[PDB]
Every structure is written in C-alpha cells, then in structure tokens.
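Report on one structure; see the data block that follows.
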Amino acid sequence: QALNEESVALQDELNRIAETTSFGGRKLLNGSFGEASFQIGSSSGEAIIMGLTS
Amino acid sequence: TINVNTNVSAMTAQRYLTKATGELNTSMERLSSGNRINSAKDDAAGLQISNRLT
C-alpha cells in the first residue's frame with residue numbers, strides 16, 4: 001500500500017510535468033503543440049516541422 | 001554650378017552624419033545597458049516575448 005501511494009504520487013507528478021512545462025505560455029508536452037513549422041530558409045518553402053507527442 | 005545660396009552636397013553629408021550618429025548612440029546604449037532591446041521602437045515582438053520570459 002505504501003509503495004502504491006508513492007507510485008500514485010509519482011504519477012501525479014508525471015501529469016503535472018506533462019501539463020506544466022511551457023515556453024513563455026506555450027504548453028509543450030500536453031499534446032497541444034502538435035506539428036509546428038519553423039522557418040529556417042531565406043525564401044518560402046524551407047521549414048522543419050517539429051512535433052511533440054504528449 | 002558653384003551656387004552659393006544652397007549646398008545639396010552639404011545636406012547629403014549632414015543627413016548621413018545624422019544617421020551615423022543615431023546608429024552610434026543606439027549601439028552605445030545597447031553596449032552600456034547589456035540588453036539589445038531597450039524600447040518598443042527597437043523590436044516590439046522581441047520585447048514582448050523577452051518580458052514574458054523574464
């Protein structure tokens with residue numbers, strides 16, 4: 001029972017990490033990030049679509 | 001034609017000198033403060049993101 005209580009605390013911590021870590025108000029690891037393009041080229045047509053699964 | 005009332009070359013030199021002095025002042029402020037962005041006129045979006053990160 002004590003081990004399970006510790007495990008549940010760790011699970012809640014994992015959920016908190018998934019729902020908290022953000023980059024200036026942008027949630028990253030809760031699944032909302034999706035696939036976002038980043039311009040790395042002079043013209044239009046060059047980008048690296050970065051995706052973060054929850 | 002050696003006109004004496006107006007001096008267009010002098011005006012061009014004055015404008016370029018003013019531009020150079022303004023650039024010098026901005027760069028000197030950036031060097032002294034230690035922060036590239038010090039007012040909204042510099043970079044509005046960068047200022048907003050940097051303030052949010054702070």
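By order in the structure tokens, chains are A, B, ...; within a chain, residues start at 1; ligands start at 1, following the order shown.
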
Please identify the alpha helix (DSSP H) residues within chain A (assignment by DSSP from backbone atoms) and present them as a VMD selection string.
chain A and resid 2 to 20

List every residue of chain B that has an atom at most 12 Å from any atom of chain A, giving for each one its closest atom pair and the distance in Å to one decimal, counting only C-alpha atoms, sorted by chain and then by ascending residue number, as a Markdown table.
```
| residue | atom | partner | partner_atom | distance |
| --- | --- | --- | --- | --- |
| B:48 | CA | A:24 | CA | 10.1 |
| B:49 | CA | A:24 | CA | 7.2 |
| B:50 | CA | A:24 | CA | 8.8 |
| B:51 | CA | A:24 | CA | 9.3 |
| B:52 | CA | A:24 | CA | 6.0 |
| B:53 | CA | A:24 | CA | 5.5 |
| B:54 | CA | A:24 | CA | 9.0 |
```

How would the residues just chosen look if you wrote them out with N, CA and C atoms as a PDB file, in the first residue's frame?
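Ended up saving to again-v6.pdb:
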```pdb
ATOM      1  N   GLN B  48       8.104  41.849 -26.275  1.00  0.00           N
ATOM      2  CA  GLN B  48       7.011  41.147 -25.611  1.00  0.00           C
ATOM      3  C   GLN B  48       7.443  39.753 -25.173  1.00  0.00           C
ATOM      4  N   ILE B  49       8.072  39.000 -26.078  1.00  0.00           N
ATOM      5  CA  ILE B  49       8.485  37.641 -25.735  1.00  0.00           C
ATOM      6  C   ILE B  49       9.512  37.664 -24.612  1.00  0.00           C
ATOM      7  N   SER B  50      10.473  38.586 -24.677  1.00  0.00           N
ATOM      8  CA  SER B  50      11.503  38.647 -23.648  1.00  0.00           C
ATOM      9  C   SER B  50      10.911  39.007 -22.293  1.00  0.00           C
ATOM     10  N   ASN B  51       9.968  39.950 -22.263  1.00  0.00           N
ATOM     11  CA  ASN B  51       9.335  40.307 -20.999  1.00  0.00           C
ATOM     12  C   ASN B  51       8.543  39.136 -20.438  1.00  0.00           C
ATOM     13  N   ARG B  52       7.837  38.403 -21.301  1.00  0.00           N
ATOM     14  CA  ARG B  52       7.111  37.231 -20.824  1.00  0.00           C
ATOM     15  C   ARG B  52       8.070  36.191 -20.259  1.00  0.00           C
ATOM     16  N   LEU B  53       9.213  35.991 -20.917  1.00  0.00           N
ATOM     17  CA  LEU B  53      10.187  35.025 -20.419  1.00  0.00           C
ATOM     18  C   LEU B  53      10.777  35.471 -19.086  1.00  0.00           C
ATOM     19  N   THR B  54      11.034  36.770 -18.924  1.00  0.00           N
ATOM     20  CA  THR B  54      11.518  37.265 -17.638  1.00  0.00           C
ATOM     21  C   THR B  54      10.479  37.047 -16.545  1.00  0.00           C
TER      22      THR B  54
END
```

Residues at most 12 Å from residue 36 (chain B), counting only C-alpha atoms, excluding those fewer than 5 positions away in the same chain, as a PyMOL selection string?
chain B and resi 26-31+41-43+46-47+50

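Picture a line from CA of residue 9 (chain A) to CA of residue 32 (chain A); it runs 24.2 Å.
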